[PDB]
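In structure tokens, the next block holds one chain alone, the form deposited in one PDB entry.
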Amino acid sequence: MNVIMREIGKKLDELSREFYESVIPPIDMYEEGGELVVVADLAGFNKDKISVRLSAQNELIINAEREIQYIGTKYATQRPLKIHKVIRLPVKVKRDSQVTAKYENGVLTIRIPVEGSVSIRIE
């Protein structure tokens, strides 16, 4: 039945959007100059609608939201409305140090200041 066929298309497309919502965004992590920088491909979002935060845990969290409204017949709606990404941080980040987030060309770049030395424990 066509009605049956149509429903499947809707479900697949919705599954697709969700899959992207979990996967996006891919990130690159590297440490440079005592600086930890995270780069994320995050196309089509407002700067206001993006939030970057650090938990006390050294976890790095990225949240973004958008509304997409299209007028016309719709064949696919893959793009993710809602983004939540939680990122493990390899090393402890200096407390009370400036953190820079810049949003360019759909790319979110985060620089975290890096502390070189680790106090180690005896016994």
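Think of the rigid core as the biggest set of C-alphas that the two forms share within 1.5 Å after superposition. The first residue of the sequence shown is number 1, and the count goes up from there. Residues that one form lacks are left out of the comparison.
From this point on, the text means the form deposited in another entry, which you will not see here.
Once you line up the core between the shown form and the other one, the Cα of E21 stays within less than 2 Å of where it was. After superposition on the rigid core, the Cα of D96 moves by 2 Å or more between the shown form and the other one. A movement of the C-alpha atom of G9 reaching 2 angstroms or beyond is seen between the shown form and the other one when the two forms are aligned on their rigid core. Relative to the shown form, the Cα atoms of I8 and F19 move together by 3 Å or more in that other deposited form.
In that other deposited form, the separation between the C-alpha atoms of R6 and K82 shrinks by 3 Å or more relative to the displayed form. Listed in sequence order, the shifted runs between the shown form and the other one are 1-15, 56-58, 94-98, counting only residues present in both forms whose C-alphas move 2 Å or more over at least three consecutive positions once the core is aligned.
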